[PDB]
Structure formats: C-alpha cells, structure tokens
Amino acid sequence: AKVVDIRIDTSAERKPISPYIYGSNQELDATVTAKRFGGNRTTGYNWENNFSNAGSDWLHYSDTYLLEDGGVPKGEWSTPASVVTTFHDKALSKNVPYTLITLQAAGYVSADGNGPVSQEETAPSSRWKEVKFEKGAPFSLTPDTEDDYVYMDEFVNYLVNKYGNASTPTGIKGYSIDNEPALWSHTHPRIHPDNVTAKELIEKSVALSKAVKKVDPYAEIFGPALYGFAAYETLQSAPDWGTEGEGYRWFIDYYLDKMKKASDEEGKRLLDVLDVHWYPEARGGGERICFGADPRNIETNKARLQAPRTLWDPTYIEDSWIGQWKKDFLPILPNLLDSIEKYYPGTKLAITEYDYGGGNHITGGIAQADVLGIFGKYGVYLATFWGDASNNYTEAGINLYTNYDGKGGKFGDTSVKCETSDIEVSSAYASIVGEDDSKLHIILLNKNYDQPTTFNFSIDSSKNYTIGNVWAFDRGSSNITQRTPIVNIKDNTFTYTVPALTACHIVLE
Ligand SMILES: OC[C@H]1O[C@@H](O[C@H]2[C@H](O)[C@@H](O)[C@H](O[C@H]3[C@H](O)[C@@H](O)[C@H](O[C@H]4[C@H](O)[C@H](O)[C@H](O)O[C@@H]4CO)O[C@@H]3CO)O[C@@H]2CO)[C@H](O)[C@@H](O)[C@@H]1O
Ligand SMILES: [Ca+2]
Ligand SMILES: [Cl-]
Ligand SMILES: [Zn+2]
C-alpha cells in the first residue's frame, strides 16, 4: 500500500496564477485561455495578401496554406490580414482573453502564392517583398501590394484600427518577434540563408518593438521564440557569439541584458515577455518522449510522467543530452527566471510551444496536467501547447484546469502552498479564487503506474471544509467525469485513495 501525505496551507505562499498559461497554437477540443498565431508558416506571412511560405517543411512553397488551414472564408482571401483577423475573431468568439500574433522579422515575406521558390529565387527576388518595420509615411488600411515592401507598423495599425489597442477588451494583447530565429537559415533558407547573428537579432528586436509600440503602446512584445536549449545557450552557435557572448553565461542573459539596455536608452520597456519553445528532450525506453514516441513503450510512458520535473525540481536529472551535459542550467524554469531577475527584472516568461507527447495516452494527459500546475505555481505568464485535436488526453489535461465540469468550472487563479511527501509518485497543486479561500481547488495526480495511491490530506485554512466534489480522467476515458464526493473531512483532514494513473480536480467547500 503506497501512502502519501499532502499538506496545504491556504494562507501561505499566495501568488497569482496567470490566466494565460492554458493556451494553444492549434484549434483544440479544449477550453483554452490564449491563442498564438505562430510557428514556421508565420515567418514569411504577408499580411497584405495572406500568402506565406512553407520553408523546409514543404519544398519552400509560397501559397494559400494559412488561408485554407485557418478556415478563412474564400471571399476574404484577398482582404488584408484576413488570416489574422479570422484567427482573432475565432479566439474572441471562444471567449479567449489573450491573442498573440507573430510579426515578421527574418526579412522578407511571400510576394505571391505561385508555388515552390527556387534557390535561385532566394530573397531578394520577384518572389519576395522586403519587410520594413516602420513605414515612415502615413499608414493605409488598403496597403499597396504593388510596391516592394511590407510594413510591420502598418500591419499593427490595421489590427488596432479594427479591434482597439491592447488595453481594450477586444484588442490583440501581444506580438511575437517572428519565430525561432536561430533556425531561420535551416527552416527558411530562401528568406534568410545566413545563420542569424546575435547582433542582428537584437537590432531587429529593438527596431520592431519600437515600431509596434509607437502604434500600440499597450501591446506586449514577446521574444525571441527560441526553438530549444541550444538556441537558449548560444543562439545555435551564432557566428558572432564568441565576441558578443563574452561575459555571459548563455544567450538568454545576453538577450535580456541588451533588450534592457535598449529599453533604458529608449525610455520604455521594449521586451515584455521572454519567449521560448520547450520540447522535452527526456528519453525513456530508448526514445524521446515526444516526436514519434510509441505509446506502447511503458518505459517511455514512465519517463513522460517524470519529465515535467526538469522544469522545476533540482533533484531530478532526466535522460537526455541536456540532463547529462547542461546540469548548470537545470531546473530550467528557475534558471530562466533567475536570468530575468539578474538582467531584466519585471520581464515575464512564456513557453509558446511545447509538447510532452503521448497526447492520446493517459500519461500525456497526466504530464500535461502536471506541466500546467508547474507553470501556474512557478509564475509562467503565458503558454501555448503545440499539437492538434487528436491529442485527446492532452486536451483533458487542459480542461481539467479550464473547464472541468463542462460548464466553465475552472481551477482557482491564486496558487497556495501545497506539498506532497512523494514527488515521484504524485503531484498536487492547490489554488483559491482571488483572496478568498471559501472554495479550495486541488489538482491531484497519481503517477503510480499499476497500483492505487492513498493520500492523507491535512489542510490549514480559515474555513472548515465539509465536502470535496471530484472530477477526473483516467485510462477508461479522456472525458472528464464527476466522481463520488469526498465527505468525511475531520478538522480539515481526510484520506482519499486514487487509482493508478488518474488525474483529479477536487473542489472543497
Ligand atoms: O501547400 C503545400 C501543401 O501543404 C501541406 O501542408 C503542410 C504545410 O504546407 C506546411 O507548411 C506545414 O508545416 C508545419 C510543419 O509540418 C510542422 O512540423 C511545424 O512544426 C513546428 C513549428 O514550426 C515550431 O516553431 C517548432 O519547430 O516546433 C513545431 C513542431 O513540433 O509547423 C509547420 C507550419 O508552421 O505542414 C503542413 C502539413 O504537412 C498540405 O497538406 C498539402 O495539401 C499542400 O499541398
Ligand atoms: Ca506593399
Ligand atoms: Cl531559435
Ligand atoms: Zn481532441
């Protein structure tokens, strides 16, 4: 019999959980709280005509993919920014409070939708329009598609004119400085053949931020949308890192420091959110937990359940090149937050792409629920899962926080102290609503693979809880279903045994 103690103190360690950590990039079968228009296809997206380029993902084709995939009505295909306005309209219609729109910085955007761009047509060429951050002339709501340029501030002006600025209820709240710059030369060689330099990235980031904030001073700028650890450390061995990086532990610090320096010179904050992508490198059973992982591989599933610990747990060392060679940078969230505190205090943190794999397996659901609990507890500002609607358990993990009862019930927005005696077999997160502990929310995860786990709860609260309603998902179904309520609570203590591999949301009142 596995027994674990859970101790919660509703008056301790209270901190707000950002509402935007429960987002997605794709259209999911889940209630989400943030939507990001980003990824490879957005680097070469031309807001003037909606064309974009697949890059290495598909023979460097310039076409109407984003219009098609975004479900844009054919009659709006030639309307400026229809890909983005359709994207934001959909988010608003689903009551999503945060929309993050990627702006273009690699240098050029698709001039047409004529198909493959040859290597001989590498920008500049008739296949491309050059991006300029500031128009330096009056904006138009009907951009000129005949000239050689596409302006980012004019694009933002079009959106602000239609939705109001970021401080308003319908405004687009954030903009990203492109996508995975250290991979521009790999993913988009026809646009940016040379490996990006640290100097180039900073210059573009500062220039684009200034351009955007002149139009919408309330919009938040996200950057650099780094693809993974190697970019966090050296911007993928950037050509000038040997000189630019002198004195810096990693590129993350250089980026924060230079953006703060530019902001100090300009007189306003130019970087609002440090933005990175985190696809776990954790392995189990001889394979990575994401990207082609086999759900039948039990060791991989078990590794998936523990992988979230790399985000926060100093005692956890995963099986990966990062766990082996980069221990000085783990756990990763504390290291990123420490860098922010040292080089640009006040900057927020966002994980704009991530996927723990096993999306259609209970372990993908439990790991997803664990990751969201960690994001909330450690202060992440915004997060957006990358993956499609076929990841039913990942979606259950999100709904466990955003809509656990099918009628809008959600996890509390204020994190409170909640400790477990065994962080390997379980995870537990607690929250209240605002400053009120009348209702105490608990996400309880049993990672035990083949046996139930008995949890002895001890709660310190100003309220005396009498019932705990429960909603959960497990191997029987990714549908979240209400379970028998917990009713024998004595002086805020109770015992609750959870079956193996089950994710629960308990609501005490
Ligand atoms: O129009 C031609 C052809 O398109 C086919 O659909 C393609 C589309 O053209 C292509 O652009 C799209 O690319 C995906 C890519 O497959 C995906 O891996 C990638 O994911 C990245 C992301 O960019 C992140 O920044 C980072 O690297 O992580 C994630 C991966 O976890 O995103 C790309 C889009 O941005 O793929 C589709 C499907 O193959 C049509 O199917 C076909 O009918 C058309 O003829
Ligand atoms: Ca133009
Ligand atoms: Cl990158
Ligand atoms: Zn689904």
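Residues numbered from 1 in each chain as written, not as in the entry; some residues may be left out. Chains lettered and ligands numbered in written order. Heavy atoms only, no water.

**Q** I keep staring at the packing of helix α12 (residues 362–377) against helix α13 (residues 392–402) and nothing clicks. Help me out?
**A** Pairs of packed helices are described in terms of their axes, by the angle between the two and the distance that separates them. Relative orientation of the contacting elements α12 and α13 amounts to 35 degrees, with a least axis distance of 7 Å. Seen from above, α12 lies across α13 with right-handed handedness. When α12 is examined against α13, the residues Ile362, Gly364, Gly365, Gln368, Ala369, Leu372 and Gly373 are found in contact with a partner set consisting of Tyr393, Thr394, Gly397, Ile398, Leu400 and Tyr401. When the residues that make up the contact of α12 with α13 are grouped by side-chain class, the tally is seven nonpolar, six polar and no charged. (Axes fitted to C-alpha atoms, helices over the stretch in contact; angles between N-to-C directions. Helix = DSSP H or I, 4+ residues; strand = E, 2+ residues; numbered from the N terminus. Left-handed = near helix turned anticlockwise from the far one by under 90°. Contact = heavy atoms within 4.5 Å. Nonpolar A, V, L, I, M, F, W, Y, C, P; charged D, E, K, R; others polar.)

**Q** Would you explain the domain arrangement of the protein in this entry?
**A** Interface size is commonly expressed as the accessible surface area that is lost when the partners come together. What the domain assignment reports for the protein is domain 1 (1–17 + 406–509) and domain 2 (18–405). The C-alpha-based centres of domain 1 and domain 2 are spaced at 33 Å. Three residues, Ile17, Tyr429 and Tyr449, lead the burial of domain 1 against domain 2; their summed loss comes to 23% of the area buried on that side. At the surface where domain 1 touches domain 2, the tally comes to 18 residue pairs in polar contact. Breaking the side of domain 1 that touches domain 2 down by element, the ones donating at least two residues are β2 (15–16), β19 (414–420), β20 (426–433), β21 (436–446), β23 (468–474), β24 (477–486) and β26 (502–508). (Domains from an automatic or database assignment. Buried area = accessible area lost by both parts, 1.4 Å probe. Polar contact = N/O pair within 3.5 Å; in protein donor to acceptor, adjacent residues only side chain to side chain.)

**Q** In this structure, what is going on with the site of ligand 1? I would like to understand it.
**A** Surrounding ligand 1, one finds 14 residues, the nearest of these being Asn40, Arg41, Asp63, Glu180 and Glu353. Between ligand 1 and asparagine 179, the relevant distance is 3.2 Å, taken from an oxygen atom to a side-chain nitrogen or oxygen of the residue. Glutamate 180 places a polar side-chain atom, nitrogen or oxygen, 3.0 Å from an oxygen atom of ligand 1. Relative to its unbound accessible area of 830 Å², ligand 1 is 60% covered by the protein chains. Among the residues forming the shell around ligand 1, the class breakdown is six nonpolar, three polar and five charged. (Near = heavy atom within 4 Å. Areas by Shrake-Rupley, 256 points an atom, 1.4 Å probe, with all protein chains shown as cover.)

**Q** It is not clear to me how the environment of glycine 44 should be interpreted in this structure. Could you clarify?
**A** Assignment of secondary structure puts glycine 44 in the loop between β4 (35–37) and β5 (52–53). With 17 residues separating them in the primary sequence, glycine 44 and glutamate 27 have C-alpha atoms 21 Å apart. When sequence neighbours within four positions are dropped, the list of residues in contact with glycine 44 reads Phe51, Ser52, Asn53, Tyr108, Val109, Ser110 and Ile191.

**Q** I would appreciate a short explanation of the coordination of the zinc ion (ligand 4) in the present structure.
**A** Around a metal, the idealised angle for a tetrahedral arrangement of four donor atoms is 109.5 degrees; for an octahedral arrangement of six donor atoms it is 90 or 180 degrees. Coordination of the zinc ion (ligand 4) by the protein is provided by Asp29 (OD), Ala389 (O), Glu395 (OE) and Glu395 (OE), with metal-donor distances spanning 2.0 to 2.7 Å. Around the zinc ion (ligand 4) sit four donor atoms; with metal-centred angles ranging over 53 to 128 degrees, the donor geometry is irregular. Going along the chain, you hit the donors of the zinc ion (ligand 4) in the pattern D-x359-A-x5-E. Taken together, the residues span a long stretch of sequence, with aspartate 29 in the loop between β3 (20–24) and β4 and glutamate 395 in helix α13 at a distance of 366 residues. For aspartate 29, a relative accessible area of 51% translates into the label exposed. (Donors = N, O, S within 2.8 Å, 3.2 Å for Na, K, Ca; no water. Tetrahedral: all angles 85-135°; square planar, octahedral: opposite > 155°, others 65-115°. Buried < 20%, exposed > 50% of the residue type's maximum accessible area, 1.4 Å probe, protein only.)

**Q** What's the story with the sheet that holds strand β11 (residues 149–151) in this structure? I'm lost.
**A** Strands belonging to one sheet form pairs held by backbone hydrogen bonds; the direction of such a pair is parallel or antiparallel. Taken in spatial order, the three strands of this open sheet run β8-β10-β11, and their pairing is mixed. A strand with exactly one partner marks an edge of an open sheet, and here the two such strands are β8 (108–110) and β11. Here the strands of the sheet are splayed against their neighbours by 40 degrees on average, with no regard to which way each runs. In this sheet, strand β10 (residues 128–132) lies alongside β8 in antiparallel orientation, the contact comprising three bridges. By the bridge assignment, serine 110 is partnered in β10 with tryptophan 128. Sitting on the sheet, helix α3 (residues 152–163) is in contact with β10 and β11, with an inclination near 50 degrees to β11. (Pairing = 2+ DSSP bridges.)

**Q** How should the sheet that holds β5 be read in this particular structure?
**A** Read from one edge of the open sheet, three strands run β5-β6-β9, paired in antiparallel fashion. Edge positions in the open sheet fall to β5 and β9 (115–116), since each of these has one partner strand only. Relative to β9, strand β6 (residues 61–63) is paired through two bridges, and the arrangement is antiparallel. Residue pairing in the sheet places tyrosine 61 in a bridge with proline 116 of β9.

**Q** Looking at this structure, I do not really get unusual backbone geometry. What am I missing?
**A** Comment: phi is negative for the bulk of residues other than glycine, and the bulk of peptide bonds are trans. Looking along the chain, the bond that leaves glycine 223 and enters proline 224 is cis, with omega of 0 degrees. With respect to the helices, strands and loops of the structure, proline 224 is situated in strand β13 (residues 220–226). The phi torsion at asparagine 95 lies on the positive side, around 60 degrees, for a residue other than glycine. Counting through the fold element by element, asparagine 95 comes out in the loop between α2 (82–93) and β7 (99–103). Of note, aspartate 491 is a non-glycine position whose phi angle comes to about 50 degrees, a positive value. Looking at the element boundaries, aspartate 491 is found in the loop between β24 and β25 (493–498). Overall, the relative accessible area of 68% leaves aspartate 491 in the exposed class.

**Q** Which parts of the structure should I look at to understand the pattern of salt bridges?
**A** If the charged atoms of two oppositely charged side chains come close together, the side chains can form a pair. Under the defined criterion, the tally for this structure stands at 29 salt bridges. With a closest N to O distance of 2.7 Å, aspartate 272 and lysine 213 form a salt bridge. On the criterion of sequence distance, the pair formed by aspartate 272 in the loop between α8 (251–266) and β14 (273–278) and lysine 213 in helix α5 (residues 198–215) is long-range, its members being 59 residues apart. Exposure remark for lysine 213: the relative accessible area of 6% places this residue in the buried category. Ionic pairing is found between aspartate 437 and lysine 463, a salt bridge with its closest N-O pair at 3.0 Å. Residue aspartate 437 is found in strand β21, and its partner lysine 463 is found in the loop between β22 (453–460) and β23; the two are separated by 26 residues along the sequence. Residue classification places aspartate 437 among the buried positions, given a relative accessible area of 5%. Look at the salt bridges and you will find they share partners, linking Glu13, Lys417 and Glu419 into a network. (Salt bridge = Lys/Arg side-chain N within 4 Å of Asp/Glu carboxyl O.)

**Q** Help me understand the environment of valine 487 in this model?
**A** Tracing the sequence through the fold places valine 487 in the loop between β24 and β25. Residues contacting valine 487, with those up to four places away along its chain left out, are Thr466 and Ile467.

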